Amino acid sequence: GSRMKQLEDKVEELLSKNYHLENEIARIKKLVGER
Amino acid sequence: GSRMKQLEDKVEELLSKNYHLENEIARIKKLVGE
Amino acid sequence: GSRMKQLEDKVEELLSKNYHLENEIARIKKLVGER
């Protein structure tokens, strides 16, 4: 349960968080587009 | 401090930034009613 | 490199990714604003 392993666990969560946020950004950007 | 602390600080900063961007996209959704 | 280096490098990349998303978000903020 080293600090290393704990941070590797946290980075896995960050990859997940970024995945969904990216997709949501893309969805809103597509919806609205340019004028 | 230390090399490991610098890393922990960056991981904290990452979690913070992500939360901020989540919040931002939430506010954008309100502006467009989505 | 080392276990520790490899994690350091993944964190930098994640900071790169977050900067990019911040800019995409900022762009969308302009797209849904008044013009």
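Residues numbered from 1 in each chain as written, not as in the entry; some residues may be left out. Chains lettered and ligands numbered in written order. Heavy atoms only, no water.

**Here we look at the pattern of salt bridges**
Going through the model one piece at a time under the given rule, you end up with 14 salt bridges over all chains. Ionic pairing is found between B:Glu22 and A:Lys17, a salt bridge with its closest N-O pair at 2.6 Å. Of the two residues, B:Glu22 is situated in helix α1 (residues 3-31) and A:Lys17 in helix α1 (residues 3-32); the pairing between them involves two chains. Exposure remark for B:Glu22: the relative accessible area of 25% places this residue in the partly exposed category. Through salt bridges with shared partners, a single ionic network connects A:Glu24, A:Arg27, B:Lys29 and B:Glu34. (Salt bridge = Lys/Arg side-chain N within 4 Å of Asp/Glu carboxyl O. Helix = DSSP H or I, 4+ residues; strand = E, 2+ residues; numbered from the N terminus. Buried < 20%, exposed > 50% of the residue type's maximum accessible area, 1.4 Å probe, protein only.)

**A word on the relation of the copies chain C and chain A**
Once chain C is rotated about the relating axis by 121° and shifted along it by 0.1 Å, it coincides with chain A to within an RMSD of 2.1 Å. Within this description, the copies of the chain are treated as partners about a three-fold rotation axis. (Least-squares fit on C-alpha atoms.)

**As for α1(B)**
Along its 29 residues, α1(B) runs 42 Å from first to last C-alpha, staying within 8% of the 42 Å computed at 1.5 Å per residue. Of all the residues in α1(B), the buried ones are B:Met4, B:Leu7, B:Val11, B:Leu14, B:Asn18, B:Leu21, B:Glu24, B:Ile25 and B:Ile28. Buried residues in α1(B) make contact with α1 of chain A together with α1 (3-31) of chain C. (Expected span 1.5 Å × (residues − 1). Contact = heavy atoms within 4.5 Å.)

**Observations concerning the side chain of A:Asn18**
Topologically, A:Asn18 is positioned in helix α1. Excluding its chain neighbours within four sequence positions, the residues that come into contact with A:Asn18 are B:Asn18, C:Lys17 and C:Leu21.

**Quick look at the interface of chain B and chain A**
Counting from both sides, the interface comprises 14 residues of chain B and, opposite them, 14 residues of chain A. In this assembly, chain B packs against chain A so that about 1,300 Å² is buried in total across both faces, 76% of it on carbon and sulfur atoms. Where chain B touches chain A, the interface holds 4 salt bridges. Linking B:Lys29 and A:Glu24 is a salt bridge whose minimum nitrogen-to-oxygen distance equals 2.6 Å. Taken together, the connections running from chain B to chain A amount to 3 residue pairs in polar contact. Grouping the amino acids of the side of chain B that touches chain A by side-chain chemistry returns 9 nonpolar, 1 polar and 4 charged. (Buried area = accessible area lost by both parts, 1.4 Å probe. Polar contact = N/O pair within 3.5 Å; in protein donor to acceptor, adjacent residues only side chain to side chain. Nonpolar A, V, L, I, M, F, W, Y, C, P; charged D, E, K, R; others polar.)

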